[PDB]
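**Student:** build me a model from this:
(2 chains)
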Amino acid sequence: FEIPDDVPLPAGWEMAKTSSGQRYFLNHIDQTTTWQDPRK
Amino acid sequence: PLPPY
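**Tutor:** Numbers count the residues shown, from 1 in each chain, chains lettered A, B, ... in the order given. See the structure here:
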């Protein structure tokens, strides 16, 4: 149902850039990097 | 692919 309007990623998360020109999401909670967010 | 932390 449409997109919410609160926060893209929870705490311990850092949207950053990897590969060459794509924004990833540096997961600090479990040390990892995902292009999409766990909560949309 | 993807940056391995």
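**Student:** chain B contacts on chain A?
**Tutor:** Residues of chain A found near chain B (Cβ under 8 Å from any Cβ of the partner chain) are A:18, A:19, A:24, A:26, A:27, A:31, A:32, A:33, A:34, A:35. Just so you know, the C-beta spots here come from the backbone N, C-alpha and C atoms, and that holds for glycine as well.
**Student:** if any of those are buried, give me the ChimeraX selection for them.
**Tutor:** In ChimeraX, this line selects whichever of the residues of chain A next to chain B come out buried by 16 or more other Cβ atoms under 10 Å in any protein chain shown:
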select /A:18,24,26,27,33
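**Student:** ok, which pair from the residues of chain A next to chain B is furthest apart?
**Tutor:** Farthest pair in these (Cβ to Cβ) is A:19 and A:31. Separation: 18.2 Å.
**Student:** the one residue in chain A that gets nearest to chain B: what's it in contact with?
**Tutor:** Nearest residue of chain A to chain B: residue A:18, at 4.0 Å (Cβ to the nearest Cβ). Each residue near residue A:18 by Cβ atoms under 8 Å, 6 or more residues apart in numbering or on different chains is listed here: A:24, A:33, B:2, B:3.
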